[PDB]
>>> print(open('entry.cif').read())   # mmCIF, C-alpha atoms
data_data
loop_
_atom_site.label_atom_id
_atom_site.label_comp_id
_atom_site.auth_asym_id
_atom_site.auth_seq_id
_atom_site.Cartn_x
_atom_site.Cartn_y
_atom_site.Cartn_z
CA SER A 5 96.05 81.13 82.83
CA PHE A 6 97.67 82.25 86.20
CA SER A 7 101.40 81.58 86.56
CA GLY A 8 104.06 81.98 89.21
CA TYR A 9 101.69 81.72 92.19
CA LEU A 10 102.56 80.16 95.53
CA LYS A 11 99.75 77.78 96.71
CA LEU A 12 98.65 78.69 100.29
CA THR A 13 95.60 76.41 100.62
CA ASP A 14 93.30 74.17 98.39
CA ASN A 15 91.88 77.38 96.81
CA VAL A 16 94.03 80.39 97.81
CA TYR A 17 97.14 81.34 95.74
CA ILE A 18 99.48 84.33 96.13
CA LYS A 19 102.00 86.23 93.95
CA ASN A 20 104.15 89.35 94.36
CA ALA A 21 102.70 91.25 91.41
CA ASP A 22 101.07 94.45 90.27
CA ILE A 23 97.38 93.50 89.94
CA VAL A 24 97.05 95.81 86.86
CA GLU A 25 99.93 94.06 85.07
CA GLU A 26 98.55 90.71 86.19
CA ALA A 27 95.07 91.55 84.85
CA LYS A 28 96.49 92.74 81.49
CA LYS A 29 98.47 89.54 81.08
CA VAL A 30 95.81 87.04 82.21
CA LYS A 31 92.63 88.95 81.30
CA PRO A 32 90.79 86.93 84.01
CA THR A 33 87.00 86.46 84.12
CA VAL A 34 86.96 88.54 87.33
CA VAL A 35 89.34 91.12 88.71
CA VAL A 36 88.47 92.37 92.23
CA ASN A 37 88.75 96.07 92.94
CA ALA A 38 89.42 97.40 96.45
CA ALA A 39 86.51 99.77 96.18
CA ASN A 40 84.93 102.33 98.51
CA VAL A 41 81.09 102.74 98.90
CA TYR A 42 81.04 105.61 96.40
CA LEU A 43 83.10 103.78 93.74
CA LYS A 44 85.47 106.79 93.74
CA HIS A 45 88.65 105.11 92.39
CA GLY A 46 91.18 107.68 93.56
CA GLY A 47 94.09 105.78 95.05
CA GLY A 48 95.57 102.39 95.90
CA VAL A 49 94.40 99.43 93.84
CA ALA A 50 91.22 101.32 92.74
CA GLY A 51 93.14 104.28 91.37
CA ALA A 52 95.58 101.99 89.59
CA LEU A 53 92.84 99.80 88.02
CA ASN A 54 90.83 102.87 87.00
CA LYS A 55 93.90 104.58 85.44
CA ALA A 56 94.58 101.36 83.41
CA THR A 57 91.04 101.63 81.96
CA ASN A 58 91.71 105.27 80.84
CA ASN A 59 89.01 106.34 83.40
CA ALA A 60 86.32 104.16 81.74
CA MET A 61 85.90 102.33 85.08
CA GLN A 62 85.17 105.66 86.87
CA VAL A 63 82.68 106.79 84.17
CA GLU A 64 80.84 103.48 84.43
CA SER A 65 80.98 103.60 88.25
CA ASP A 66 79.55 107.14 88.44
CA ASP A 67 76.58 106.02 86.29
CA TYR A 68 76.15 102.96 88.60
CA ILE A 69 76.14 105.21 91.72
CA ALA A 70 73.76 107.74 90.12
CA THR A 71 71.27 104.89 89.52
CA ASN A 72 71.80 102.74 92.62
CA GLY A 73 73.33 104.85 95.36
CA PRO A 74 76.36 103.80 97.36
CA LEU A 75 77.37 100.25 98.17
CA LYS A 76 77.41 99.01 101.77
CA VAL A 77 80.75 98.46 103.58
CA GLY A 78 81.19 94.68 103.13
CA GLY A 79 79.18 94.73 99.91
CA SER A 80 79.98 94.52 96.23
CA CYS A 81 78.79 95.05 92.70
CA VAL A 82 79.76 93.49 89.39
CA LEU A 83 80.67 95.93 86.65
CA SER A 84 82.69 95.66 83.39
CA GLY A 85 86.31 94.62 83.57
CA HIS A 86 87.05 96.94 80.59
CA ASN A 87 90.55 96.11 79.16
CA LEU A 88 91.56 94.27 82.38
CA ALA A 89 89.06 91.43 82.81
CA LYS A 90 85.61 90.26 81.59
CA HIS A 91 84.17 91.66 84.89
CA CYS A 92 85.31 93.78 87.80
CA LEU A 93 83.93 92.80 91.18
CA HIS A 94 84.07 96.03 93.19
CA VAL A 95 84.30 94.91 96.82
CA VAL A 96 84.16 97.30 99.78
CA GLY A 97 86.32 96.19 102.66
CA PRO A 98 86.19 98.22 105.91
CA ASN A 99 88.54 101.21 105.94
CA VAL A 100 90.14 101.17 109.39
CA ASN A 101 91.40 104.76 108.70
CA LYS A 102 87.65 105.83 108.79
CA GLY A 103 86.76 103.80 111.97
CA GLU A 104 84.88 101.09 110.02
CA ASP A 105 84.20 97.76 111.77
CA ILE A 106 87.05 95.28 110.91
CA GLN A 107 84.51 92.40 111.43
CA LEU A 108 83.01 93.57 108.06
CA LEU A 109 86.15 92.16 106.37
CA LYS A 110 84.66 88.65 106.50
CA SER A 111 81.43 89.93 104.85
CA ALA A 112 83.54 91.65 102.19
CA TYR A 113 85.41 88.38 101.37
CA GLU A 114 82.09 86.46 101.20
CA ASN A 115 81.39 88.32 97.94
CA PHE A 116 84.25 86.33 96.33
CA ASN A 117 82.25 83.08 96.81
CA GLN A 118 79.84 84.13 94.05
CA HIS A 119 82.69 83.73 91.47
CA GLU A 120 84.48 80.44 90.63
CA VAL A 121 87.84 82.14 90.07
CA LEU A 122 89.11 85.64 90.82
CA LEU A 123 92.25 87.77 90.56
CA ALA A 124 92.22 89.91 93.75
CA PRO A 125 94.07 92.16 96.12
CA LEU A 126 94.03 91.67 99.93
CA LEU A 127 90.88 93.46 101.10
CA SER A 128 91.26 96.38 103.53
CA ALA A 129 95.07 96.22 103.18
CA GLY A 130 97.21 99.18 101.95
CA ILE A 131 95.56 102.56 102.24
CA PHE A 132 92.47 100.92 103.86
CA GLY A 133 94.56 100.52 107.04
CA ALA A 134 93.96 96.94 108.13
CA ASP A 135 96.73 94.47 108.98
CA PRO A 136 97.41 92.52 105.71
CA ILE A 137 98.34 89.37 107.71
CA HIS A 138 94.83 89.49 109.27
CA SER A 139 93.29 90.12 105.79
CA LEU A 140 95.02 87.03 104.35
CA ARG A 141 93.80 84.96 107.34
CA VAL A 142 90.20 86.15 106.79
CA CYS A 143 90.56 85.45 103.06
CA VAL A 144 91.70 81.84 103.57
CA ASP A 145 89.02 81.22 106.26
CA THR A 146 86.18 82.76 104.19
CA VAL A 147 86.76 82.33 100.44
CA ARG A 148 85.97 78.83 99.12
CA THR A 149 86.33 79.68 95.40
CA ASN A 150 89.71 79.95 93.58
CA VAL A 151 91.35 83.23 94.57
CA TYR A 152 94.65 84.42 93.07
CA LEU A 153 96.00 87.17 95.29
CA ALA A 154 98.33 89.81 93.86
CA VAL A 155 100.44 91.58 96.54
CA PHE A 156 102.20 94.60 95.06
CA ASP A 157 104.75 95.16 97.85
CA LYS A 158 107.65 92.53 97.79
CA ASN A 159 108.52 93.03 101.47
CA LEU A 160 104.86 92.56 102.47
CA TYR A 161 104.56 89.50 100.12
CA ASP A 162 107.59 87.90 101.90
CA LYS A 163 106.17 88.71 105.35
CA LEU A 164 102.75 87.25 104.36
CA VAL A 165 104.26 83.98 103.02
CA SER A 166 106.80 83.53 105.87
CA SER A 167 104.15 84.10 108.59
CA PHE A 168 101.30 82.07 106.99
#
>>> encode(input="entry.cif", output="structure tokens")
Amino acid sequence: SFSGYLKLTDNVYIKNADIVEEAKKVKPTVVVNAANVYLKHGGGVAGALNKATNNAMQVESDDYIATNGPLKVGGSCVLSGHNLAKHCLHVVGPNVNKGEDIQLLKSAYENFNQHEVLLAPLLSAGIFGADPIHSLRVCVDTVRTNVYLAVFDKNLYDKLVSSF
């Protein structure tokens, strides 16, 4: 199972790790993707997860969008985890860099409560533009299921732990 995590709360754990490498090692039931409404996995965590699946995640996602249309900001969908996990929970956090409402970050984290255990990134962090310290706070105050957070950046990981 998950190893090397620092326990933050009863159910939230954190590790300085590449979520792709973490998924390949653990092969969790659920890996969370930092998705956009179109499921266009171009950069950040989404681009990295999609590249690890040899673009199979993007092919599957384009078929999902053709059938269902875009997700809502704060919403999610469950798709295959391919070679990374049993399932991928594509969750759309607000992108501050597109003027999206940061209060939708709580709604985005509520999607995690439908899964008993998840490997996840901090929603709306990185290229989505939100403050990762705020994202971790919303995560701990919203997610009640077991969430194993992978923070790629060591300097950000240290700042998150030291300011928690």
>>> residues_around(input="entry.cif", residues="residue A:155", least_positions_apart="3", cutoff="10 Å", atoms="all atoms listed in the file", output="number ranges by chain")
A: 18-23, 124-126, 129-130, 136, 152, 158-162, 164
>>> resolve_selection(input="entry.cif", expression="the PyMOL selection byres ((chain A and resi 31-38) around 6)", output="JSON, numbers by chain")
{"A": [27, 28, 29, 30, 39, 49, 50, 88, 89, 90, 91, 92, 93, 94, 95, 122, 123, 124]}
>>> residues_around(input="entry.cif", residues="residue A:65", least_positions_apart="6", cutoff="10 Å", atoms="all atoms listed in the file", output="PyMOL selection string")
chain A and resi 42-45+54+59+71+81+83-84+94
>>> residues_around(input="entry.cif", residues="residue A:99", least_positions_apart="6", cutoff="8 Å", atoms="all atoms listed in the file", output="PyMOL selection string")
chain A and resi 106+128+132-134
>>> atom_distance(input="entry.cif", atom1="atom CA of residue A:153", atom2="atom CA of residue A:12")
10.2 Å
>>> closest_residue(input="entry.cif", among="A:151, A:137, A:77, A:131", to="residue A:105", atoms="only C-alpha atoms")
A:77
>>> closest_residue(input="entry.cif", among="A:146, A:87, A:5, A:118", to="residue A:57", atoms="all atoms listed in the file")
A:87
>>> closest_residue(input="entry.cif", among="A:55, A:40, A:62, A:13", to="residue A:141", atoms="all atoms listed in the file")
A:13
>>> atom_distance(input="entry.cif", atom1="atom CA of residue A:76", atom2="atom CA of residue A:14")
29.7 Å
>>> atom_distance(input="entry.cif", atom1="atom CA of residue A:98", atom2="atom CA of residue A:147")
16.8 Å
>>> resolve_selection(input="entry.cif", expression="the PyMOL selection byres ((chain A and resi 145) around 12)", output="PyMOL selection string")
chain A and resi 12-16+109-111+113-114+117+138-144+146-149
>>> closest_residue(input="entry.cif", among="A:56, A:9, A:96, A:67", to="residue A:25", atoms="all atoms listed in the file")
A:56
>>> build_atoms(input="entry.cif", residues="stretch 135-159 of chain A", atoms="N, CA and C atoms", output="compact mmCIF listing (two decimals), in the frame of the given file")
# COMPACT_ATOMS: atom_id res chain seq x y z
N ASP A 135 95.53 95.28 108.97
CA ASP A 135 96.73 94.47 108.98
C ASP A 135 96.61 93.46 107.83
N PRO A 136 97.51 93.48 106.83
CA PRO A 136 97.41 92.52 105.71
C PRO A 136 97.53 91.05 106.13
N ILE A 137 98.25 90.75 107.21
CA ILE A 137 98.34 89.37 107.71
C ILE A 137 96.93 88.90 108.17
N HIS A 138 96.20 89.79 108.86
CA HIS A 138 94.83 89.49 109.27
C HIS A 138 93.93 89.33 108.02
N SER A 139 94.08 90.21 107.02
CA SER A 139 93.29 90.12 105.79
C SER A 139 93.49 88.79 105.07
N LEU A 140 94.74 88.32 104.99
CA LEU A 140 95.02 87.03 104.35
C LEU A 140 94.38 85.88 105.12
N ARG A 141 94.39 85.97 106.45
CA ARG A 141 93.80 84.96 107.34
C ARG A 141 92.28 84.91 107.09
N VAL A 142 91.64 86.10 107.05
CA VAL A 142 90.20 86.15 106.79
C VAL A 142 89.89 85.63 105.39
N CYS A 143 90.73 85.96 104.41
CA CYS A 143 90.56 85.45 103.06
C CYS A 143 90.55 83.90 103.03
N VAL A 144 91.59 83.29 103.60
CA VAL A 144 91.70 81.84 103.57
C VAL A 144 90.58 81.16 104.36
N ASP A 145 90.10 81.79 105.44
CA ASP A 145 89.02 81.22 106.26
C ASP A 145 87.62 81.53 105.74
N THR A 146 87.50 82.36 104.70
CA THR A 146 86.18 82.76 104.19
C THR A 146 85.92 82.37 102.75
N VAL A 147 86.89 82.59 101.86
CA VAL A 147 86.76 82.33 100.44
C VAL A 147 86.94 80.83 100.17
N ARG A 148 85.95 80.25 99.50
CA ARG A 148 85.97 78.83 99.12
C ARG A 148 86.23 78.65 97.63
N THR A 149 86.07 79.73 96.82
CA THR A 149 86.33 79.68 95.40
C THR A 149 87.83 79.95 95.14
N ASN A 150 88.28 79.81 93.89
CA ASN A 150 89.71 79.95 93.58
C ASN A 150 90.14 81.39 93.52
N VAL A 151 90.93 81.83 94.51
CA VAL A 151 91.35 83.23 94.57
C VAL A 151 92.86 83.37 94.40
N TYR A 152 93.26 84.17 93.41
CA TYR A 152 94.65 84.42 93.07
C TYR A 152 94.95 85.81 93.55
N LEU A 153 95.69 85.91 94.66
CA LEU A 153 96.00 87.17 95.29
C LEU A 153 97.26 87.78 94.73
N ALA A 154 97.17 89.05 94.34
CA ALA A 154 98.33 89.81 93.86
C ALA A 154 98.73 90.80 94.96
N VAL A 155 99.96 90.69 95.49
CA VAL A 155 100.44 91.58 96.54
C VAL A 155 101.52 92.41 95.90
N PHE A 156 101.28 93.72 95.78
CA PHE A 156 102.20 94.60 95.06
C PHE A 156 103.58 94.72 95.72
N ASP A 157 103.56 94.92 97.04
CA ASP A 157 104.75 95.16 97.85
C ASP A 157 105.54 93.86 98.10
N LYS A 158 106.83 93.74 97.60
CA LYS A 158 107.65 92.53 97.79
C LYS A 158 107.90 92.20 99.26
N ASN A 159 108.24 93.22 100.06
CA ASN A 159 108.52 93.03 101.47
C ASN A 159 107.29 92.53 102.23
